[PDB]
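Cβ placement follows ideal geometry from the backbone for every residue including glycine, while neighbour counts extend to all protein chains displayed. Only the coordinates and a few stated rules stand behind these numbers; no lab work does.
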Amino acid sequence: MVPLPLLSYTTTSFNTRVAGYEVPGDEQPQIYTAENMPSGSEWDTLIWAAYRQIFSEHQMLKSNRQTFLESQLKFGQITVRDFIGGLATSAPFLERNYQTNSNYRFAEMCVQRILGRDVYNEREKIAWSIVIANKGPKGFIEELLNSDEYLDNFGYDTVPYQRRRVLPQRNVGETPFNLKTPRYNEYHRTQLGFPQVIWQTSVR
Amino acid sequence: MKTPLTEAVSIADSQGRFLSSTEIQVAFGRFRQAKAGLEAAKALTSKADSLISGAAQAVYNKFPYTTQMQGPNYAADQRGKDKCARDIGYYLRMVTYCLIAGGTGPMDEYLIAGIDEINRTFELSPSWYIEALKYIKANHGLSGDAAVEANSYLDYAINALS
Amino acid sequence: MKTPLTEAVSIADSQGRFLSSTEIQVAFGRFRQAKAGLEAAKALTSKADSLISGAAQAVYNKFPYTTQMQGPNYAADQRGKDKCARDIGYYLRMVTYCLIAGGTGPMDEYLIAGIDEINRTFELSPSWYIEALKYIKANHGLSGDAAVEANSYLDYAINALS
Amino acid sequence: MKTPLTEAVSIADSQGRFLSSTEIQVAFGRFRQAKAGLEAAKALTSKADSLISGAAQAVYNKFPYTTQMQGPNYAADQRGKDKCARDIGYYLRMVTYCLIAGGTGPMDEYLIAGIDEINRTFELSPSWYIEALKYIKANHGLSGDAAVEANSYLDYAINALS
Amino acid sequence: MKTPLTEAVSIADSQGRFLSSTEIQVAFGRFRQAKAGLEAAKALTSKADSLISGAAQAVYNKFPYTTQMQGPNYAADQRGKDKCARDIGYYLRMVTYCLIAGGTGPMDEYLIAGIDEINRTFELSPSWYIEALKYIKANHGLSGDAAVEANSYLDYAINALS
Amino acid sequence: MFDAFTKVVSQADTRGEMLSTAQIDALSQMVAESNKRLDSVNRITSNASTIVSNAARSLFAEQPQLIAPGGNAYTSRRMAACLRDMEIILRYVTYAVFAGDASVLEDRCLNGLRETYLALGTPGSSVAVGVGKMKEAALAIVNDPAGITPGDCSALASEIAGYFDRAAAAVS
Amino acid sequence: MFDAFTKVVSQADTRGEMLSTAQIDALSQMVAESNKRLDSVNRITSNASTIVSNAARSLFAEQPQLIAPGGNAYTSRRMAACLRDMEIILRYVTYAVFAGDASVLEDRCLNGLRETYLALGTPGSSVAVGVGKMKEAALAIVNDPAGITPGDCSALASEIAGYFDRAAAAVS
Amino acid sequence: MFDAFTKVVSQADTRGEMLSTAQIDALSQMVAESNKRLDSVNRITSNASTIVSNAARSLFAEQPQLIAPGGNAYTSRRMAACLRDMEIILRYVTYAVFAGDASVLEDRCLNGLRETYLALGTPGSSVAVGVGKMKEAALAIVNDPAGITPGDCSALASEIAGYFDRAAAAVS
Amino acid sequence: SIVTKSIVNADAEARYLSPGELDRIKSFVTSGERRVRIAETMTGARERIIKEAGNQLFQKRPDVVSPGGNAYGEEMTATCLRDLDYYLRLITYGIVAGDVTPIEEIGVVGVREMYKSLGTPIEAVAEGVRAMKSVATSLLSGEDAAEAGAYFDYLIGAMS
Ligand SMILES: *[C@H](C)[C@H]1/C(=C/c2[nH]c(/C=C3N=C(/C=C4\NC(=O)C(CC)=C4C)C(C)=C\3CCC(=O)O)c(CCC(=O)O)c2C)NC(=O)[C@@H]1C
Ligand SMILES: *[C@H](C)[C@H]1/C(=C/c2[nH]c(/C=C3N=C(/C=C4\NC(=O)C(CC)=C4C)C(C)=C\3CCC(=O)O)c(CCC(=O)O)c2C)NC(=O)[C@@H]1C
Ligand SMILES: *[C@H](C)[C@H]1/C(=C/c2[nH]c(/C=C3N=C(/C=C4\NC(=O)C(CC)=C4C)C(C)=C\3CCC(=O)O)c(CCC(=O)O)c2C)NC(=O)[C@@H]1C
Ligand SMILES: *[C@H](C)[C@H]1/C(=C/c2[nH]c(/C=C3N=C(/C=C4\NC(=O)C(CC)=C4C)C(C)=C\3CCC(=O)O)c(CCC(=O)O)c2C)NC(=O)[C@@H]1C
Ligand SMILES: CCC1=C(C)/C(=C/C2=NC(=C\c3[nH]c(/C=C4\NC(=O)[C@H](C)[C@H]4CC)c(C)c3CCC(=O)O)/C(CCC(=O)O)=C2C)NC1=O
Ligand SMILES: CCC1=C(C)/C(=C/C2=NC(=C\c3[nH]c(/C=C4\NC(=O)[C@H](C)[C@H]4CC)c(C)c3CCC(=O)O)/C(CCC(=O)O)=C2C)NC1=O
Ligand SMILES: CCC1=C(C)/C(=C/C2=NC(=C\c3[nH]c(/C=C4\NC(=O)[C@H](C)[C@H]4CC)c(C)c3CCC(=O)O)/C(CCC(=O)O)=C2C)NC1=O
Ligand SMILES: CCC1=C(C)/C(=C/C2=NC(=C\c3[nH]c(/C=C4\NC(=O)[C@H](C)[C@H]4CC)c(C)c3CCC(=O)O)/C(CCC(=O)O)=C2C)NC1=O
Ligand SMILES: CCC1=C(C)/C(=C/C2=NC(=C\c3[nH]c(/C=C4\NC(=O)[C@H](C)[C@H]4CC)c(C)c3CCC(=O)O)/C(CCC(=O)O)=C2C)NC1=O
Ligand SMILES: CCC1=C(C)/C(=C/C2=NC(=C\c3[nH]c(/C=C4\NC(=O)[C@H](C)[C@H]4CC)c(C)c3CCC(=O)O)/C(CCC(=O)O)=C2C)NC1=O
Ligand SMILES: CCC1=C(C)/C(=C/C2=NC(=C\c3[nH]c(/C=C4\NC(=O)[C@H](C)[C@H]4CC)c(C)c3CCC(=O)O)/C(CCC(=O)O)=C2C)NC1=O
């Protein structure tokens, strides 16, 4: 089989594409790296940051915790990159985030959480959606973690973060990705026959 | 904006936890700092105009070529002197802003983050600003711990320059 | 190990910069804290054994079923009481360790990080430890700001429990 | 090391394919370039010492303060002049190396990649090197297309400086 | 679309730099190529219809079973011959497009990228197209360097086929 | 992401002049009452789990439709996510009253979470009432002086109730 | 991302036929003047830092509100970002006149940067005037003869001014 | 990653008992002299760029083979990386004397950088001599008091020279 | 069409087209591209605009989804998708014509006897239309919320 190349898409103007001539301040994302030989407590903070990035805060349940992946990471058997791949390919992630979304929206969510940037255009979502259809969600995550964009920004040992959310002269940056892209959209909300209206006012 | 309370909130937020006694230790320390630092910032506000003119004259004294050669980067003409002393007052105002804020955040966001490429593009030597900051840190006339941390901020600007 | 100097070094290292006046503000604040906190930790060290026995007796008083029913999780037999008062002394020792360290780090690394799954596996109600910590924070007998931050650490343990 | 054959191999390797007619077009173009560029590099090798001394004298002429003021960054003493003309010869040697290599790779790897932080740390104005490169590109004495691409490399060094 | 100027812009963009002398070497080489390649593409445009019919007849000659057996993949009926010679003309048109574009980009984007799965799904042997391209590269009748690079593009199509 | 001091610094830089004297006297009084601000903040922080459990306790007593099957907070996973959302809101309230500015509370929650609760199908009314009840209980827990010296928390009840009402209105 | 040659190839493929003869004579004249296009491109490229510094030099002499405190390019960081934005625009102009097509300039800047400058609060008028002045200075630097064999560069001044006006209008 | 206090806490936990009294008197004296350490550290920190430039200034006067072509620090990029390596070592020395423990200096540099300099072909001897000269200049800059209340920096001189010798020996 | 009843209103008076009316038939053609793109959005997003809006009907009137009802079950609220789609269809035909005569030819005058024979209260259906108006304008622009909703208010008044 000839490998079908990724469909070409146009790039958009984003803060992450320009050089930032910035002095470190309180709005800079805290970098969690394994390179500094982390203490036993620093490993727990790095693991916590990786779960927050990939699952969101509301999905940090005791039942979603990948204890075997955490022990492999703490023993140095796997890299932080491989841990992120293991989280994004985990059963609780696929059940909660893959099965409740279309391939297009799942691609957008993975780009935001793993590459730490927004999608350039709707054509990038279409280009990644065919990778998900052909290789499954696992092969899509592996292709995203093997991108030069991932390696150049995070390497093997850094937990992904939202790149350049705030400009140094602004008290208000871009919306956090966890608020911008919640677990599911309006389309899956209508299927669940959920919230919206569930009360009959009063009798009179 | 690296100020102590902001970075304490950033630590507690990135950890995902509530505030602990660590941030309250940071706070009683920050209030201890501000209790002299605000009055020292007011004193620098009082002496600001004479300090700016003295720094500009010391810079013209140590580098006399800038007053002589024709060039729009040099302060040979009058508009060079207006813009020049304007950025002297800029440096002094950022020093007072960091004295009020309690951290190097305001100078790091308003001065430092692009100063290298600006001096590269505009043919401005940073040693001029180093001489001016040295004259300011010599002639500010404060005393005690306020004077030491004022010199700390000015030395931080010097190390960020060169 | 969330202690103020350690986390200040972590901030300065993750930013990739030198230490600034922010960490020195953190430091004069931390020394202000420790200047009473070390003596308060010594006073808790003095009153520790009677506090442990009083907490165990208050826990047996509020939950009298644990003394009665047969069960290896309950302190009906004597080995339950030995192990039980041992973990009372564990909680008190972690309180003193956080009083010395100046942050919630030691209890967070020695107690909190696995306590939920341990109480899940061993059929231990955390409310027993909440009652014991409430008795300790009522009966420690300190005064002033040392007493308030001691109560802060104990309340932090309570909120981490339930 | 941005040289045309190296970057053609990098393109064909990153694409994962064999070489095509595109790289052969790159090659007949590169041989066309080198067919004059090697002789021009030999001519610059011949005129190198007088060009270095003339550039140093023009730099002392346009910036006469550097010969006068005491300072280890300035060439007032003799060791400043030895080191100074040494880095003039460094710049000229990198120009000849890029003339042989056929791309801006050697100057980009040997000069450009750290020159900004070095001039920042050492209080060296890059305008001195801009004046020297301007004197070299005025006085190299080549003619024709070799002269135009030599001026291209020198102008590239100028734009990388400021 | 792997054409030399496009990939030069892609190199300079991915490096984040301006254009250097390397891309100008690429350019004088590309113009040297096109200066014969455009006229060779016009000559192939002139001889195209007879080349297509000769390639189809050579393909029917070497593989006589395709004219005989009933099957919609085989050109036994007339619609097979219309579609067949249509894709012969497709191959020849892509050869001329790569001759104009100066790289293997047009055939790589219009032919190669899916040809393997198409021949897999449709029961088309690629050896038929290899025989046709061999007949074309034997019978195109060009001479000199244009003929060599035309044979280069056709051999590239052959190697991409099998 | 702003302090009180960085707010005055940004305003003085947008003015382009130095800081005026009356702003410095205001900041001196702020530095005098910043610890005062803090005492409420620490006694607010220590009872946070009790605050969120009592808030959900009164809310789900008040609106039993959420606990009812088909309700938005009915499922065990969703109910845990509900308590997580409430605890997050309380934590960012404590951060904003730590730094003395509402810009941290705005930055971290407000602009996105209204659209999040619309897209999720989460009723904004119940969580608005829950944040209001949590804020009422928080000021009620803060204002009682048990083993604390006699002082004045007036303006800081003002500020804390401001932060809670800003959160409840940005939720809607 | 298109050349001149790939543009003719895509048009001939959308037609579905071979390339007509007159397009091949046009491309032969393009191959004859493509070096003519680009020696100038080289004299445009060599003076790029002088071009952007003189452009910002005239622009901030012209509109002193940007340098004034509270202005959009007032802060040192923002002013460095301003010069970076201008240098990026000049670089993509040089790329588009290298490949001989405006599609690279469209692809890399135009569709997003108008919305970026709206969202940032960047005044599109000043950067439009700056790109216009930079383009005027670029053609003025390209057109003069100082040791180069004389030639008619009339259609390439045409093309370069076209690219600069496309950039200035897409900025707005 | 350890403090002085966390070091005593970890030792007392490995013992399994409470902290003994003499360790608490030692920590009380540490809390009395910790500012003493802080004051020394701040005058070390303020002159850091002068320290690394004078250290490289004496080192490259001392070993001109590194500046010589083919030398390890000859290339401009490599020389900038050389100054970066030295500044990093000085920064982690200042961190270790801030926290009062060598475990941060060990954690952040020591275990890997010896193998890094072996694999790079970096001569460990020159950087060892440079760290030694930088440490000598650092204590020489710290020990002189200008406009500072008299204090004994001597206890610290022992500790700072210990940290610098640990760095120079772990480099080798 | 806005032509064909300006024809009818000019036919009964036995008169030609007035020039005051002739600008209205002139400005419709030059703005005909502005209404076909906002009718493309209702053509494209026709599935989303009925599916959540049907739950806005059952939230505000849950009498229909009760057993013993007119439209009860998975197959009879399926028929509400097989009925309200025509009203979402016809509003697009009201937009591209310029007025309400494709509404008036298909679904107005017989609905008093249609829904009586069906047994469904019309105002239960009509409050589904008025809730659909509130969610159609969530897709429209601030300019086009009036004029595309101007053909909605004829349909709400026709049911009531
Ligand atoms: C006198 C002090 C020395 C001197 C100064 C000089 N600088 C410029 C031009 C600029 N200076 C800045 C600097 C800042 N802008 C800021 O916003 C801040 C922090 C608040 C600083 C430090 C900038 C951005 C410019 C460019 C803007 C502009 O061009 O006006 C000039 C004018 C030269 C010029 O055209 O570019 C002068 C004269 N030069 C000397 O000779 C003195 C030693
Ligand atoms: C209880 C008060 C109300 C309620 C809560 C509720 N929230 C969710 C789901 C989410 N809530 C958020 C909110 C935030 N995420 C953030 O990162 C921040 C700021 C830092 C906020 C405010 C998000 C993103 C989600 C979706 C993803 C997730 O795991 O949590 C639910 C569950 C919905 C579900 O289907 O899982 C609930 C129940 N809802 C109510 O019923 C009360 C009115
Ligand atoms: C507020 C609702 C009630 C109130 C508070 C109040 N506090 C003070 C003063 C102090 N409070 C503290 C508390 C701490 N300092 C610490 O370092 C810590 C550990 C984190 C705590 C808990 C201290 C020390 C002070 C001042 C210094 C001291 O007490 O030694 C005041 C008055 C003084 C002031 O403004 O700071 C007040 C009023 N008082 C009430 O009546 C409210 C109900
Ligand atoms: C000077 C001519 C005008 C100006 C410039 C200006 N731009 C910014 C900030 C941004 N500019 C961009 C633009 C691009 N990014 C790209 O990747 C590309 C194409 C490859 C373009 C055209 C972006 C994304 C930003 C924001 C992120 C960033 O670092 O730069 C600023 C600074 C705004 C700030 O708050 O930092 C300035 C000043 N603005 C003016 O005032 C002039 C009119
Ligand atoms: C898992 C679900 C899933 C679907 C349904 C899906 C569709 C899909 N079809 C696409 C392209 C395509 N789809 C078609 C199909 C057709 N076009 C026609 O002319 C015919 C009408 C029809 C043949 C039946 C074609 C020709 C393209 C190519 C468009 C292009 O490459 O430019 C693309 C663009 C990216 C790419 O193919 O490589 C996507 C995302 N992707 C998915 O992941
Ligand atoms: C240093 C921090 C630390 C803590 C807190 C800790 C708790 C702890 N308590 C345990 C058991 C226990 N915990 C209790 C405690 C009680 N049961 C009661 O009825 C009383 C209400 C209460 C008395 C305080 C008892 C009786 C056991 C033994 C039960 C067992 O087999 O698991 C165990 C399992 C080990 C064992 O089985 O012996 C752990 C790990 N361990 C630690 O290392
Ligand atoms: C191969 C590429 C290459 C370059 C460009 C290079 C430059 C270079 N010049 C240096 C110093 C210097 N550079 C200058 C040059 C000048 N000062 C003046 O006043 C004159 C205007 C100008 C004469 C050209 C001087 C005098 C020094 C010695 C000053 C010093 O201690 O740092 C240094 C620091 C090394 C040292 O201190 O001896 C470097 C790395 N090194 C390289 O390896
Ligand atoms: C522009 C580049 C391009 C190429 C190369 C191309 C090939 C191509 N050839 C096809 C079929 C075909 N290809 C052949 C060709 C042959 N069979 C024989 O027996 C002969 C040996 C040979 C004559 C050259 C025939 C007869 C068909 C029709 C068979 C079919 O139903 O699929 C089809 C399927 C479309 C269809 O069924 O009509 C494609 C896509 N399409 C393209 O767009
Ligand atoms: C990549 C390195 C490189 C460069 C720089 C280069 C330039 C270059 N420009 C040339 C010609 C030329 N270049 C120009 C350019 C112009 N004349 C004007 O009056 C206009 C203002 C301006 C265009 C805007 C002209 C008119 C010619 C005449 C010869 C020709 O058509 O090529 C030639 C023809 C051969 C020769 O001069 O020896 C060369 C070499 N060749 C190279 O290999
Ligand atoms: C946080 C702790 C940390 C340390 C210690 C560290 C060292 C370190 N020094 C390096 C290079 C270097 N380090 C030096 C330093 C020297 N070589 C000499 O000739 C002198 C003996 C000495 C100057 C004191 C030089 C010249 C290089 C460049 C090697 C090269 O680029 O080829 C590299 C290779 C990658 C690169 O610099 O860009 C690492 C990883 N990195 C770290 O992250
Ligand atoms: C983070 C900002 C900050 C700084 C910089 C700071 C320094 C500082 N150093 C002090 C004291 C001191 N600092 C020194 C330091 C030394 N004396 C020598 O002769 C030695 C050479 C040298 C140590 C190497 C001494 C001796 C004292 C005497 C008072 C004391 O013990 O604190 C004090 C005591 C209070 C005061 O001076 O008002 C301050 C404020 N305080 C701050 O808040």
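What distance in nm separates the simple spin-label points at H:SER154 and A:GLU186, each placed 7 Å from Cα in the Cβ direction? Calculated label separation equals 7.8 nm.
In terms of surrounding Cβ atoms within a 10 Å radius of their Cβ, A:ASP44, A:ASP118 rank from fewest to most as A:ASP44, A:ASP118. For a test of the definition: using alpha carbon positions, the gyration tensor, and the 1.5 limit on a/c, classify chain A as rounded, prolate or oblate. Here chain A falls in the rounded category. Mean per-residue shielding of peptide E:144-155 is 1, counting Cβ atoms of other chains within 10 Å of each Cβ. Taking the helices alone, the protein assembly as shown has a mean residue ellipticity at 222 nm of -22500 deg cm²/dmol, built from -39,500 (n - 2.57) per DSSP H run of at least 4 residues and averaged over all its residues.
When the range H:1-153 is described by a simple charge dipole with +1 on each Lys and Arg Cβ and -1 on each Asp and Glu Cβ, the residue from H:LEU113, H:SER10, H:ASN42 located farthest towards its positive end is H:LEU113. At a Förster distance of 56 Å, what's the computed FRET efficiency of H:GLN65 paired with A:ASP44, Cβ-Cβ distance as r, to 0.05? Once rounded, the FRET efficiency stands at 0.75.
Summary of the geometry: the range B:37-60 and the range A:46-61, compared by the centres of their Cα atoms, lie 50 Å apart. The magnitude of the dipole of the range B:5-95, with charges of +1 and -1 set on the Cβ of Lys/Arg and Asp/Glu and taken from the Cα centre, is near 200 debye. Can you compute the modelled spin-label distance between D:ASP49 and C:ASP116, with each label point 7 Å from Cα toward Cβ, in nm? Taking the simple label geometry, D:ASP49 and C:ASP116 are separated by 7.9 nm. For a quick check, take a GNM of chain D with Cα springs below 10 Å and name the residue from D:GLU117, D:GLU23, D:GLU39 with the largest mean-square fluctuation. In this elastic network of chain D, the residue with the biggest mean-square fluctuation among D:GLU117, D:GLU23, D:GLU39 is D:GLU117.
The residue list H:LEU59, H:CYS82, H:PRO69 was ranked by how far each Cα lies along the charge dipole of the range H:38-108 toward its positive end, using unit charges on Cβ atoms, and H:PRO69 comes out on top. Measuring from each Cβ of chain G to the axis that turns chain G onto chain F, the shortest distance belongs to G:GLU115, 11 (residue, then whole Å). For chain I, the spread of Cα coordinates along the three principal axes comes to 58, 34, 20 Å, biggest extent given first. About its Cα centre, chain C has a charge dipole of approximately 340 debye under the convention of +1 per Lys or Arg Cβ and -1 per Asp or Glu Cβ, with nothing else charged. Centre-to-centre separation between the Cα atoms of the range H:1-74 and those of the range H:120-172: 9 Å. For the range E:97-106, the Karplus equation 6.51 cos²θ - 1.76 cosθ + 1.60, evaluated at θ = phi - 60°, returns couplings of 5, 6, 5, 6, 6, x, x, 7, x, x Hz by residue, with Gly and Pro reported as x.
Compute the Cα gyration tensor for the range H:1-131, then decide on rounded, prolate or oblate, letting a ≥ b ≥ c be the square roots of its eigenvalues: rounded whenever a/c is under 1.5, prolate when a/b is larger than b/c in the other cases, and oblate in all that remain. Since a/c reaches 1.5 and a/b is larger than b/c, the shape of the range H:1-131 is classed as prolate. Fewest-first ordering of G:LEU118, I:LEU84, F:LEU59 by other beta carbons within 10 Å of each residue's beta carbon gives G:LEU118, I:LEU84, F:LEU59. Could you work out how far helix B:126-139 tilts from the main Cα principal axis of chain B, as a 0 to 90 degree angle to the nearest 10? The angle comes out at about 70 degrees. Given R0 = 51 Å, the distance between the Cβ atoms of E:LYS62 and A:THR16 translates into a calculated FRET efficiency of 0.35. Take each residue in D:99-107, count the other chain C-beta atoms within 10 Å of its C-beta, and the mean is 2. Derived scalar couplings between HN and Hα for the range G:116-130 equal 4, 6, 5, 5, 6, x, 5, x, x, 5, 6, 6, 5, 5, x Hz in order, rounded to whole Hz, by the Karplus curve 6.51 cos²θ - 1.76 cosθ + 1.60 (θ = phi - 60°), x for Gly and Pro.
Under the shape rule built on the C-alpha gyration tensor, where the axes satisfy a ≥ b ≥ c, the protein assembly as shown is oblate, since a/c reaches at least 1.5 while a/b does not exceed b/c. Between I:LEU140, I:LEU22, I:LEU57, the Gaussian network model of chain I with springs among Cα atoms under 10 angstrom shows the greatest mean-square fluctuation at I:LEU22. For chain B, the spread of Cα coordinates along the three principal axes comes to 60, 34, 21 Å, biggest extent given first. Label-point distances for E:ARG86 to the equivalent site in the other copies, using a point 7 angstrom along Cα→C-beta, read 7.1, 7.6, 8.6 nm when ranked shortest first.
Residues of the range C:72-103 falling in the label zone of H:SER28, defined by backbone nitrogen less than 15 Å from a point 7 Å along Cα to beta-carbon, are C:100.
Sparsely packed loop sites in the range I:38-106 (the chymotrypsin sites (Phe, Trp or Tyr not before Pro) outside DSSP H, G, I, E and B with at most 13 other Cβ atoms within 10 Å) comprise I:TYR72.
Inter-chain Cβ neighbour count for A:168-178, averaged per residue, equals 6 (cutoff 10 Å, partner chain atoms only). Toward the positive end of the charge dipole of chain B, with +1 on the Cβ of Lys and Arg and -1 on the Cβ of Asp and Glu, the farthest Cα among B:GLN15, B:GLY54, B:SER127 is that of B:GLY54. Dipole check for the protein assembly as shown: with +1 at the C-beta of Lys and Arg, -1 at the C-beta of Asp and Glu, and the Cα centre as origin, the magnitude is about 400 Debye. Modelled spin labels at D:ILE100 and I:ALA39, positioned 7 Å past Cα toward Cβ, are 7.6 nm from each other.
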